[PDB]
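Consider the single chain below, provided in C-alpha cells and representing the form deposited in one PDB entry.
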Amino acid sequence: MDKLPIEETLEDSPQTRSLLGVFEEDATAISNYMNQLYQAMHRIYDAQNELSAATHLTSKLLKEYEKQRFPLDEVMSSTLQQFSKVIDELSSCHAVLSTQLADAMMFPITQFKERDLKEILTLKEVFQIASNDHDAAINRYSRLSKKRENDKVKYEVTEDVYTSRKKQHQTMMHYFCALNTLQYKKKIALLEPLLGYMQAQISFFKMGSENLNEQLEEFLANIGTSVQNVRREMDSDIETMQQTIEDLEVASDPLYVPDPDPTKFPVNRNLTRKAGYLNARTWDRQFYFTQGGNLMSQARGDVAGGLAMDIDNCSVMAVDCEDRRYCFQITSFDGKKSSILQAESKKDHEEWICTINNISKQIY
C-alpha cells in the first residue's frame, strides 16, 4: 500500500514534489482505465434495460393479438397466450437484473468517478493555486529593501508569506490524504461492481431457469409439430391451386374474346337465369343477374344488389341507341321502361333477350 508522507509537506522538498508526481501519474492512469470500465459496464446496463423493455413489448403485442379487430381461433389464441406468459416471465428476469445492475454495478462505479476522482482534481487545483500564491509571496518578501525600513509594508509582505505558506501546507496535506485514500478506493471501485455484476448474473440464471422446464419443452415440441402441419397443408393447397389455375387458363382462353367461335360456343336460348356485366344509359357498366323473377343489378363499389326490373310478364326487345351495338330494353307488366342496356356480342345480346323471355313466361 503506497503512501505519501504528510510529515514531509511543510518542508516541501523537490524530492517530496517528485514523489507527489508519481502518485499523480498513477491517479491519471487509474482514471483513464476506470473510465473505460465505467463505459463498458454502462453499455451492459443500458442493453439489459433495452432488453427488458423490448421483451415486455413482445409479450404485450402477443396479448393484444385478439383485441385487434381481424376480418379473418381457439388454438392460435391460446397458443399466443402461452407464449406471452413465458416471455413476460423472461421479461421480469431482465427487469430484476437491470435494477440490480443499477444498484450493485453502476452506483459504486459512478460514485468512484463522480465523487472520488472529482475530489482528487479539486484538491489538486486548490493546492496548485496555493503553491502559486506562496511562490509569489516569497518573491515579494525576498525583494524587501534592506536599507529603507518601512514597518507596515514589511509587516504586510511578511504576513502574506504566513498566510500563503499556511494555505499551501493545509491544502498539500489534504491532497496527500486524498491520494493515500485513493490507493484503497481504487481497489474497492474495481472489485465491488464486478461482485455486484456477478451476483446479479447468478440470481438471473437461477430465476430464468426456474421458468424454463420440461413442461415448456413439451409445449414447444407440440408447436413445432403444428408448424410442420401448417407447412404441409399449405404446400398441398398450393399444388391444388396451381392445377386449378392451369385448368382455368386452358378452359378460358377461347372465352376472353367478346365474340367466341360460334361453332364452338352456341347461343344458349333455353336459360332460366343469366348474370353478367352490361352498360346502361351517360353510360355506366354494372353487373346484372336474374333472381326469383327479377332482374337485379350491382356496381363494383356497392354492398348489395339493387333492383332494375321485374321480369314477370314483361316484354323485351332489341333497340337502336346512340349508334351502339347490342342494345335492348325491357318493358314490365306495368308498361314501364328499363334503362337501355348494352350487351357485348351478338351471342350475349341474344342470350339476355331469350333468358328474360324464358323467365317472364314461366311464372304462369
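Numbering starts at 1 and runs along the sequence shown. Rigid core: the largest C-alpha set superposing within 1.5 Å between the two forms.
Below, we turn to the form deposited in another entry, even though it does not appear here.
Asks: Superposing the core, which one of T55, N49, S31, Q298 shows a C-alpha shift reaching 2 Å or more between this form and the one not shown?
Replies: Single hit from the list, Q298.
Asks: Any chance the CA of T272 moves 2 angstroms or more between this form and the one not shown, core superposed?
Replies: Yes, its C-alpha moves 2 Å or more.
Asks: Under a superposition restricted to the rigid core, does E214 display a Cα displacement of 2 angstroms or more between this form and the one not shown?
Replies: Result for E214: yes, a 2 Å-plus shift.
Asks: State yes or no: after fitting on the rigid core, is the Cα displacement of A343 between this form and the one not shown at least 2 Å?
Replies: After core superposition, the C-alpha of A343 moves 2 Å or more between this form and the one not shown.
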